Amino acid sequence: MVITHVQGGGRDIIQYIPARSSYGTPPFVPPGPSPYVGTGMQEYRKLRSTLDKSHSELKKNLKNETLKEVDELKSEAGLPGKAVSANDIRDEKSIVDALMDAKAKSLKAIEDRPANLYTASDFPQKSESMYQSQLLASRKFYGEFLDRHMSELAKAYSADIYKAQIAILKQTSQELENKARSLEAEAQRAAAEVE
């Protein structure tokens, strides 16, 4: 089960949920050919597509998706969708910044994980080859490997999205101050003319 969390949440934007296991370490593994390779590769190809097509569907429309997140938080706080007021622009900017920081924290939590094969940037490229090597080397059940590779790719794809969302929010935040600066400039000009 792969769930795409469009709405802002503590859980990663792209989440992999797997059944718990107590089979992580087996005392003895039978020598000879593994019967799980074929079905392991078959299960990988099934899950990998649903996770890849969930990532690219989101990158395609990330501008609207993230501005829709902004719009839900904007309205959840009582603000209107269209913001013109000085009070409203300043209030709206904080939301964008608060969202940006939340995404920054989430991205930093993924990035500041100890280095290993799973956390490598090139991991998506290397995942299928690595998985098959693990099945062939271990001769054991695919379950633990498949769940790990998908959870680790859910984070990889969440880090790609989060990195891009911050870029969108930086540009949205920049535009906000511009309106604010000119708005206060125009309030000033007008106040001087009224005297």
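Sequential numbering from 1, following the sequence displayed.
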property: 79-87 versus 100-108 - which carries the larger mean C-alpha B factor in the record; result: 79-87
property: Entry-level comparison of average CA B-factors, 60-68 and 132-140, reporting the higher stretch; result: 60-68
property: For residue 11, the third of its chain into which the C-alpha B factor falls; result: highest
property: Third assignment of residue 176 from its chain's C-alpha B-factors; result: middle
